[PDB]
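Structure record follows, encoded as structure tokens.
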Amino acid sequence: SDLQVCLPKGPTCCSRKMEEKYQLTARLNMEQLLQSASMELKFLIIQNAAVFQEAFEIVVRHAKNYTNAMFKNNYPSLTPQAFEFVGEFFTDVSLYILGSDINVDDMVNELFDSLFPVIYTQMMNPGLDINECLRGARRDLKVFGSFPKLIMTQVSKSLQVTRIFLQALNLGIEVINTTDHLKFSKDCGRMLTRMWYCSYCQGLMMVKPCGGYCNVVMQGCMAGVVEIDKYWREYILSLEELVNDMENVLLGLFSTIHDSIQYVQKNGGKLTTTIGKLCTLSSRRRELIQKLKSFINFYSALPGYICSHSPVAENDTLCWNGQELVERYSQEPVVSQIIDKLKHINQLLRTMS
Ligand SMILES: *[C@@H]1O[C@H](CO)[C@@H](O)[C@H](O)[C@H]1NC(C)=O
Ligand SMILES: *[C@@H]1O[C@H](CO)[C@@H](O)[C@H](O)[C@H]1NC(C)=O
């Protein structure tokens, strides 16, 4: 008589307060169903994100170790200072891989800025306050040739693809975790309450809602959610485009650095006088992608999941149509944030490869 959701066709066994209860369980039932649909995909990316993050850090640590080892072996006169700017470089390497605001060109530079004064003082002119004059002379006189720019492009290409690979996995975690927190319209909350519970208010014990009625209701409130599909697909294929490395580059840096130190030593005669006057991975991300491609239908199949895991009369016979038991059935802001972040990422993937 005073109900606001359950259309009272005949009498009704539930009051207004019982309509609250049914509306809140409708909310809770929807969130649980969405969360059950997204659990297995969420855990897949969470697993891989944790593994790949440690695997990359193992690579960076191994690359730092070997660069320090070739400094110990080939340039003992540059140690222990060598250990300081090598460690600072690879620390910034990791920090950049994990998404922090680090400038790759500033990394490579600062490395050669710190490396040149000790090369001059210990290898070229044996025999502290003039240090800043030497650091400026490194770049102003281009003592290292194209070696810094060579390393610059060599590592910026591989560190950018590794950084975006991690950023893409985490953002995938972020949007899939956002699905089961998706708040819906007030009209849908009433429709879901009608579809799932308002039959109990009419005194029915085993009646299930119609599969067709569930389809028009689900398509009702997932109209915005389903629009994410196109962008979620493009995210999957763009991620496949990137995987199809950074180890070989980072584990080759010593070689390039060592040759750069030979290069600056080749013109020492004129340089000293001028300055004196002046002063199994790839298998893992392949398996991840093949497992991620099984979830390309996630957003399109989502209304199908909610109806197929809720009790419905698929036959559309002897079912509940939201207001009565029939013989046959007749028949943005958060979502836009998901699409924006998907758009931003997809663009970022497509440009790398
Ligand atoms: C290798 O790296 C680990 C951790 O960075 C360090 O404890 C160890 O001393 C390194 N070994 C060599 C030979 O550089
Ligand atoms: C999922 O979302 C909830 C609430 O927004 C948040 O507390 C939680 O940390 C998120 N989990 C992940 C793995 O992002």
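Going by the structure tokens order, chains are called A, B, ..., each with residues numbered from 1, while ligands are numbered from 1 in the order shown.
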Let me have all residues with an atom within 12 Å of ligand 1, counting only C-alpha atoms and all ligand atoms, laid out as a ChimeraX atom specification. /A:57-73,83,86-87,90-91
Store the residues picked out above, limited to N, CA and C atoms, as an mmCIF file, in the first residue's frame.
```
data_model
loop_
_atom_site.group_PDB
_atom_site.id
_atom_site.type_symbol
_atom_site.label_atom_id
_atom_site.label_comp_id
_atom_site.auth_asym_id
_atom_site.auth_seq_id
_atom_site.Cartn_x
_atom_site.Cartn_y
_atom_site.Cartn_z
ATOM 1 N N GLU A 57 64.002 -6.502 -10.695
ATOM 2 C CA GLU A 57 64.943 -6.045 -9.678
ATOM 3 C C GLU A 57 66.145 -6.976 -9.574
ATOM 4 N N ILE A 58 65.933 -8.281 -9.761
ATOM 5 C CA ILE A 58 67.048 -9.224 -9.796
ATOM 6 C C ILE A 58 67.985 -8.888 -10.948
ATOM 7 N N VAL A 59 67.419 -8.531 -12.102
ATOM 8 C CA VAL A 59 68.238 -8.184 -13.256
ATOM 9 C C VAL A 59 69.042 -6.917 -12.982
ATOM 10 N N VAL A 60 68.402 -5.885 -12.423
ATOM 11 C CA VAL A 60 69.111 -4.635 -12.153
ATOM 12 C C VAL A 60 70.224 -4.858 -11.136
ATOM 13 N N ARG A 61 69.941 -5.621 -10.075
ATOM 14 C CA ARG A 61 70.971 -5.919 -9.083
ATOM 15 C C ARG A 61 72.137 -6.670 -9.713
ATOM 16 N N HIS A 62 71.841 -7.647 -10.573
ATOM 17 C CA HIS A 62 72.902 -8.389 -11.244
ATOM 18 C C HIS A 62 73.720 -7.477 -12.152
ATOM 19 N N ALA A 63 73.062 -6.528 -12.822
ATOM 20 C CA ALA A 63 73.784 -5.625 -13.713
ATOM 21 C C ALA A 63 74.663 -4.658 -12.928
ATOM 22 N N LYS A 64 74.172 -4.167 -11.786
ATOM 23 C CA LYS A 64 74.996 -3.310 -10.937
ATOM 24 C C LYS A 64 76.215 -4.061 -10.421
ATOM 25 N N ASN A 65 76.018 -5.310 -9.993
ATOM 26 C CA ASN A 65 77.123 -6.113 -9.479
ATOM 27 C C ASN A 65 78.230 -6.255 -10.511
ATOM 28 N N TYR A 66 77.869 -6.608 -11.745
ATOM 29 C CA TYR A 66 78.898 -6.879 -12.737
ATOM 30 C C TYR A 66 79.605 -5.603 -13.175
ATOM 31 N N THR A 67 78.892 -4.474 -13.228
ATOM 32 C CA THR A 67 79.555 -3.212 -13.541
ATOM 33 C C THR A 67 80.556 -2.839 -12.454
ATOM 34 N N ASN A 68 80.189 -3.052 -11.186
ATOM 35 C CA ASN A 68 81.142 -2.846 -10.101
ATOM 36 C C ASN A 68 82.316 -3.809 -10.203
ATOM 37 N N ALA A 69 82.067 -5.034 -10.669
ATOM 38 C CA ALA A 69 83.135 -6.021 -10.769
ATOM 39 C C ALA A 69 84.133 -5.653 -11.860
ATOM 40 N N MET A 70 83.650 -5.154 -13.001
ATOM 41 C CA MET A 70 84.577 -4.751 -14.050
ATOM 42 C C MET A 70 85.287 -3.449 -13.713
ATOM 43 N N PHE A 71 84.740 -2.652 -12.795
ATOM 44 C CA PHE A 71 85.485 -1.501 -12.300
ATOM 45 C C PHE A 71 86.590 -1.935 -11.346
ATOM 46 N N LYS A 72 86.293 -2.893 -10.461
ATOM 47 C CA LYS A 72 87.323 -3.486 -9.611
ATOM 48 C C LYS A 72 88.460 -4.067 -10.439
ATOM 49 N N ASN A 73 88.125 -4.768 -11.522
ATOM 50 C CA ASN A 73 89.134 -5.516 -12.260
ATOM 51 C C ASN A 73 89.900 -4.632 -13.235
ATOM 52 N N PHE A 83 82.130 2.846 -7.254
ATOM 53 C CA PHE A 83 80.997 2.162 -6.640
ATOM 54 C C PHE A 83 79.896 3.141 -6.271
ATOM 55 N N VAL A 86 78.105 4.228 -9.738
ATOM 56 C CA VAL A 86 77.457 3.052 -10.314
ATOM 57 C C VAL A 86 76.194 2.709 -9.530
ATOM 58 N N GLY A 87 76.296 2.692 -8.197
ATOM 59 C CA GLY A 87 75.134 2.388 -7.377
ATOM 60 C C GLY A 87 74.039 3.431 -7.495
ATOM 61 N N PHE A 90 72.191 2.728 -10.923
ATOM 62 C CA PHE A 90 71.282 1.589 -10.977
ATOM 63 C C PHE A 90 70.151 1.715 -9.970
ATOM 64 N N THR A 91 70.366 2.456 -8.882
ATOM 65 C CA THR A 91 69.252 2.808 -8.011
ATOM 66 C C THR A 91 68.217 3.618 -8.777
#
```
Could you list, with a cut-off of 10 Å and counting only C-alpha atoms and all ligand atoms, the residues of chain A near ligand 2, each shown with its nearest atom pair and the distance in Å rounded to one decimal, rows sorted by chain and ascending number, as a Markdown table?
```
| residue | atom | partner | partner_atom_place_in_ligand_line | distance |
| --- | --- | --- | --- | --- |
| A:42 | CA | ligand 2 | 13 (C) | 7.7 |
| A:43 | CA | ligand 2 | 13 (C) | 8.8 |
| A:45 | CA | ligand 2 | 13 (C) | 9.7 |
| A:46 | CA | ligand 2 | 13 (C) | 7.3 |
| A:170 | CA | ligand 2 | 14 (O) | 8.1 |
| A:171 | CA | ligand 2 | 14 (O) | 8.9 |
| A:172 | CA | ligand 2 | 14 (O) | 9.5 |
| A:173 | CA | ligand 2 | 14 (O) | 6.1 |
| A:174 | CA | ligand 2 | 14 (O) | 5.3 |
| A:175 | CA | ligand 2 | 14 (O) | 8.5 |
| A:176 | CA | ligand 2 | 1 (C) | 8.6 |
| A:177 | CA | ligand 2 | 1 (C) | 4.9 |
| A:178 | CA | ligand 2 | 2 (O) | 6.2 |
| A:179 | CA | ligand 2 | 2 (O) | 9.2 |
| A:180 | CA | ligand 2 | 2 (O) | 8.6 |
| A:181 | CA | ligand 2 | 5 (O) | 6.8 |
| A:182 | CA | ligand 2 | 5 (O) | 9.8 |
```
Write out as a PyMOL selection string the residues lying within 12 Å of residue A:51, counting only C-alpha atoms and excluding same-chain residues fewer than 2 positions away. chain A and resi 44-49+53-58+166+169+281+284-285+288
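Going from atom CA of residue A:162 over to atom CA of residue A:104, you cover 13.1 Å.
When only C-alpha atoms are used to compute distances to residue A:151, the closest of the residues A:12, A:23, A:256, A:337 turns out to be A:256.
For the residues A:338, A:119, A:50, A:206, ranking by smallest atom-to-atom distance to residue A:134 using only C-alpha atoms places A:119 first.
Atom CA of residue A:149 is positioned 15.4 Å from atom CA of residue A:89.
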For atom CA of residue A:160 and atom CA of residue A:147, the interatomic separation in Å (one decimal): 19.6 Å
